[PDB]
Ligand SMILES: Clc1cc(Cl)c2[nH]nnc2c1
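The chain below stands alone and is given as structure tokens, in the form solved without the ligand.
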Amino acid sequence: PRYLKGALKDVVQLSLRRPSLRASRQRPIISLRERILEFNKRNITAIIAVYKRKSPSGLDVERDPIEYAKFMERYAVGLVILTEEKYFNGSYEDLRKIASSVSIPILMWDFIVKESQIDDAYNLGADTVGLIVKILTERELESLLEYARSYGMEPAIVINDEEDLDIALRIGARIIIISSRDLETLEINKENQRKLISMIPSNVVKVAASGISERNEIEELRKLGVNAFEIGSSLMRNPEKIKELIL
């Protein structure tokens, strides 16, 4: 991984130390990219609902994974499931459980740093994974992207700045997550997010993340070319906000 410090470095040490999992995948690979695109053509708002019990940028929510997933199934273009243990209190089990209960596409969000964590996604039912630029060498990032593709997965590439984005373009990202929230400071910059978005080619699926909270924002960002929307903690709090958000 890259040279790091503080909370980030600590997540990446744990992730490297993280025990693999034995299991057989019992679902098909459902592409997140392809379904975002269907929603666009179908003129339906593409919301990606996140599941997380805890995050550094919210208060803890105790809530049933399955009940949440089954509920979002009626509405969301897909689900993000956190499986990072320390900072997000997530588990592979949340993934397994939800994966056996819904058949919308599932992205596993963790700090992915080695092949075996990709094996776990696959083995557990995840349709795809988040690859984090700020965390990986160009080499590792290219290496794990190829590896995810060997299973049939098309990973999302998560970005914050122009350097991130340039490296996503290097590897030929097909799906990019543009987060406005900095991993370290937790500062949100929507102005920087908008510029990043303007700089991304049309042929690439663009998902805006962090900070989104109302249909007007979603509408403004759609006019700017955004395809789908990762929405987290507020849906954890109030899952039925998504009916409002998809109008």
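The first residue of the shown sequence is 1; numbering continues from there.
Absent from the display: the form solved in complex with the ligand. The rest refers to it.
Trainee: Taking the ligand in the deposited complex, would 30, 127 and 151 all count as contacting it (heavy atom within 4.5 Å)?
Mentor: No, the whole trio is out of contact, none within 4.5 Å by any heavy atom.
Trainee: Among 168 to 176, 103 to 111, 117 to 125, 68 to 76, mark the stretch whose residues have heavy atoms within 4.5 Å of the ligand in the deposited complex.
Mentor: Only one stretch qualifies here: 103 to 111.
Trainee: So in the deposited complex, does any heavy atom of residue 209 sit within 4.5 Å of the ligand?
Mentor: So residue 209 counts as contacting the ligand.
Trainee: Just checking whether residue 200 would be counted as a contact of the ligand in the deposited complex - the rule being heavy atoms within 4.5 angstroms.
Mentor: Flag for residue 200 set to no.
Trainee: Although the ligand is absent from this view, report whether residue 141 comes within 4.5 Å of it in the deposited complex, heavy atoms only.
Mentor: Result no; residue 141 lies far from the ligand in the deposited complex.
Trainee: Consider residue 99 of the chain shown here, and say whether it contacts the ligand in the deposited complex, taking contact as heavy atoms within 4.5 Å.
Mentor: Answer no; every heavy atom of residue 99 is more than 4.5 Å from the ligand in the deposited complex.
Trainee: Looking at 218, 183, 204, 37 here, can you tell me which has any non-hydrogen atom within 4.5 angstroms of the ligand in the deposited complex?
Mentor: Comparing distances to the ligand in the deposited complex, the residue within 4.5 Å is 183.
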